[PDB]
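Read through the structure below, which is laid out as structure tokens, and then see the notes.
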Amino acid sequence: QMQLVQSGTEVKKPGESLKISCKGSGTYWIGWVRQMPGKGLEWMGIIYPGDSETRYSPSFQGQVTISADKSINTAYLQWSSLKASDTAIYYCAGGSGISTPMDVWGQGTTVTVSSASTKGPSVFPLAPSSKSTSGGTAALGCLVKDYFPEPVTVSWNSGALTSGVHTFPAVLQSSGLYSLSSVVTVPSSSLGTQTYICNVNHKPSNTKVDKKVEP
Amino acid sequence: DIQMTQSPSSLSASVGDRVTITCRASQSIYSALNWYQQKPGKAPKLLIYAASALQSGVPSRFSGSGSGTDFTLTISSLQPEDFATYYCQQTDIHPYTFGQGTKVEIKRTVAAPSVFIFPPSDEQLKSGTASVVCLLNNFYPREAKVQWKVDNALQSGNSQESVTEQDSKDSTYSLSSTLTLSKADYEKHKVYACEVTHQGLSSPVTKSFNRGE
Ligand SMILES: [Cl-]
Ligand SMILES: [Cl-]
Ligand code: NA
């Protein structure tokens, strides 16, 4: 398959420089696309690496540099001074032949720009009670609070409990730290019979927490 | 730049339905229009180029139509793998601008949420904060309003929410809202309430507790 392979996840501070890469293996042009978290696709610009002719979307002109090294079939997107608002996924796209534009896409490079620093989560119980019980069903969970950067993984009972589990998307707090909840609905008669443990892994901080959640 | 308008922003459909979604360009772009599919956590995939040409490997239930300013993407018989977000993009004039996307979600009947409230843990209070979590479980459609009240005072600026992707089994959504206060602020108030508004409820549902009760 013709494919475009992008460079890995980036976590940067405001004012840092950054250069990300897009390599073709198996296009006479490469485009760049921004997708901010929870938002749609935005066209940034294009380069023809044969002679490095570039064009920028007026929104991106002077905000980023597109470049290429034809000798190694690689294109780049470079910032001299990152902003928090540069937090996004970046995709490169190209054309596997002369008739089908944008048929090849890179897998995307996730870039986080924040003043926050690497931090493992606090894992708090969301205890089942009468305030979380509805006709024989109880809800319980874990609040996975104040971590940076994404992502975290959550399982229940080491992956044995999957039915009725809702693990929410994280929210970014005004502190610059993420928070997410994971909940499960269970028979209220199981409380006190079945142990419920949320297994939390935050690889960026090497944090692993197993939190027992009891009534 | 060319403005691309997609309609609708989201639509609900059943497996086997014929689904159309529209894309308008702010000037004629002839037949220079691509359609993409995107699923959560994945790169966009080209379905259709030149307004009506199927990309290799795309199922023949997908078709495109239109020329000039007004374009459509039709799925003749919607399959479970087709619930996704769709984008159009003009390929005529740089910059090659995108539409804002149309999400195709699964249609089901209205389902009221089950509402659960969770007081802060002693572990968190010792650490200096108080989070109160309001869970709206397994409802439809996605639109819901959660209001926090502390001693019957409406809160602003101190809560955040997020919603799950539609469950592929029962086609419902769930929503978590977190009210976060300082430990000092939490200790000054008695009654913590989340008030839920949803199409499935004939009137708002309040779940509440009294601090230390
Ligand atoms: Cl088909
Ligand atoms: Cl765009
Ligand atoms: Na046509």
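In what follows, chains carry the letters A, B, and so on, assigned in the order in which the sequence lines appear, proteins first and then strands, with residues in each chain numbered from 1. Atom set for the values below is all heavy atoms of this structure, side chains included, hydrogens, waters and symmetry mates excluded.
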Side-chain touch [X]/[Y], heavy atoms, less than 4.5 angstrom:
X	Y	value
B:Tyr140	B:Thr109	no
B:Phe116	B:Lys207	no
A:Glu10	A:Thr112	no
A:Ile197	A:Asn199	yes
A:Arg34	A:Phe60	yes
B:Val133	B:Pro119	no

Between chain B and each of [options], count heavy-atom pairs under 4.5 Å; write down the option with the most.
options	value
A:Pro125, A:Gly108, A:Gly106, A:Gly45	A:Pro125
A:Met102, A:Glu42, A:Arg55, A:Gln173	A:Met102
A:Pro128, A:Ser57, A:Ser179, A:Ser122	A:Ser57
A:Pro58, A:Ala170, A:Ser174	A:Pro58
A:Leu126, A:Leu180, A:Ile89	A:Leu126

Measuring heavy-atom distances to chain A, does [X] have an atom under 4.5 Å in its side chain, in its backbone, in both, or in neither?
X	result
B:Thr129	side chain
B:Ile117	both
B:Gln55	side chain
B:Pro44	both
B:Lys45	neither
B:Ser127	side chain

- Best-contacting candidate, B:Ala43, B:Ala53, B:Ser162, B:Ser131, against chain A by heavy atom pairs under 4.5 angstrom: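 Sorted descending by pairs with chain A, the first entry is B:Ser162.
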- Item | Contact winner vs chain A - B:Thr178, B:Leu135, B:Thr85, B:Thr180, heavy-atom pairs under 4.5 Å |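 Sorted descending by pairs with chain A, the first entry is B:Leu135.
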- Query: Is it true that B:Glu187 and B:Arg211 have a side-chain N and a carboxylate O under 4.0 angstrom from each other?
  - Reply: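 No, B:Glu187 and B:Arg211 are not salt-bridged.
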- State whether A:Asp51 and A:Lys70 are salt-bridged, where the test is any N-O pair (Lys NZ or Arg NE/NH1/NH2 against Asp/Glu carboxylate O) under 4.0 Å.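 No, no charged N to carboxylate O under 4.0 Å.
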Contacting region of [X] [heavy-atom separation from chain B under 4.5 Å]:
X	value
A:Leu143	side chain
A:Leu172	backbone
A:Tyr91	side chain
A:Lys39	backbone
A:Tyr56	backbone
A:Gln35	side chain
A:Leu140	backbone

- Item | Contacts of A:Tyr90 that satisfy ring pair (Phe, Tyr, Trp, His ring centres under 6.0 Å) - sequence neighbours left out |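 Scan of A:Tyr90 (ring pair (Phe, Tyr, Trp, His ring centres under 6.0 Å), adjacent residues dropped) gives A:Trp79.
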Side chains of [X] and [Y]: donor-acceptor distance under 3.5 Å anywhere?
X	Y	value
A:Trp156	A:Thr162	no
B:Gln124	B:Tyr186	no
A:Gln6	A:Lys23	no
B:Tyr87	B:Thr102	no
A:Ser96	A:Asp103	yes
A:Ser181	B:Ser176	yes
A:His166	B:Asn138	yes
A:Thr9	A:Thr110	no

- Message: With a strict 4.5 Å heavy-atom criterion, list every residue of residues 207-215 of chain A that contacts chain B, or say none.
- Response: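 So the qualifying residues are A:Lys211.
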- Query: Would you call the rings of A:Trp43 and B:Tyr96 parallel, tilted or perpendicular, where under 30° means parallel and over 60° means perpendicular?
  - Reply: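 Because their plane-to-plane angle is over 60°, the rings of A:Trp43 and B:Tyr96 count as perpendicular.
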- What residue pairs, at least two apart or across chains, pass disulfide bond (SG atoms under 2.5 Å apart) with a residue in residues 172-201 of chain A?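 As it turns out, the disulfide bond (SG atoms under 2.5 Å apart) pairs with a partner in residues 172-201 of chain A, which skip direct neighbours, are A:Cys142-A:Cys198.
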- Query: Hey, which residues of residues 23-40 of chain B are touching chain A, say heavy atoms under 4.5 Å apart?
  - Reply: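 Residues B:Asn34, B:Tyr36, B:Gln38 are the ones that qualify, each having a heavy atom under 4.5 Å from chain A.
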